[PDB]
Amino acid sequence: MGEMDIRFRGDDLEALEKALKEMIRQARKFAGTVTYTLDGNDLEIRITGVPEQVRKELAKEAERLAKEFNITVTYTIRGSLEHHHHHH
């Protein structure tokens, strides 16, 4: 399984649009599927097909656009539980 939910919240819809435009561009360069829901000041971008290793990289890009446009991102990734236990 390899599917991630990248959701941008911000009072400026334009900041959400430029973050969006990038996260689509990133899903395209990784060659995956990209969907999005613009509704008021909430945007959820659903990137499917990209594996867990790549879904992490989309999280770094979510964060770089969050501090770029000063908007709050929240991203969901599970399947990182490769070792659902401490290193002990």
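For the chain, list log₁₀ I(q)/I(0) at each q in 0.18, 0.23 Å⁻¹, using the Debye formula over Cα point scatterers of equal strength and ignoring solvent, two decimals each.
Scattering profile of the chain, log10 relative to I(0): -0.71, -1.06.
Among rounded, prolate and oblate, which fits region 30-75 when a ≥ b ≥ c are the square roots of the eigenvalues of its C-alpha gyration tensor, a/c under 1.5 means rounded, and a/b larger than b/c means prolate?
Here region 30-75 falls in the oblate category.
For the Cα atoms of the chain, what angle does the longest principal axis make with the long axis of helix 52-68, in degrees from 0 to 90, nearest 10?
30
Residues in region 54-83, backbone N under 17 Å from the label point at residue 18 (7 Å along the Cα-to-beta-carbon vector): list them, ranges by number please.
Output list for this probe position: 61-73.
Relative contact order (percent) for the chain, with alpha-carbon contacts under 8 angstrom and 6 or more residues of separation?
Reported as a whole number, the value is 41 percent.
If you stretched the chain out fully between residue 33 and residue 80, how much longer would it get, using 0.36 nm times the residue separation minus the C-alpha to C-alpha distance?
Roughly 14.9 nm would be gained on extension.
Where a number appears in this text, it was derived from the coordinates with a stated rule and is not lab data. Counting neighbours? That spans all protein chains shown, and the Cβs are built from the backbone with ideal geometry, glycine included.
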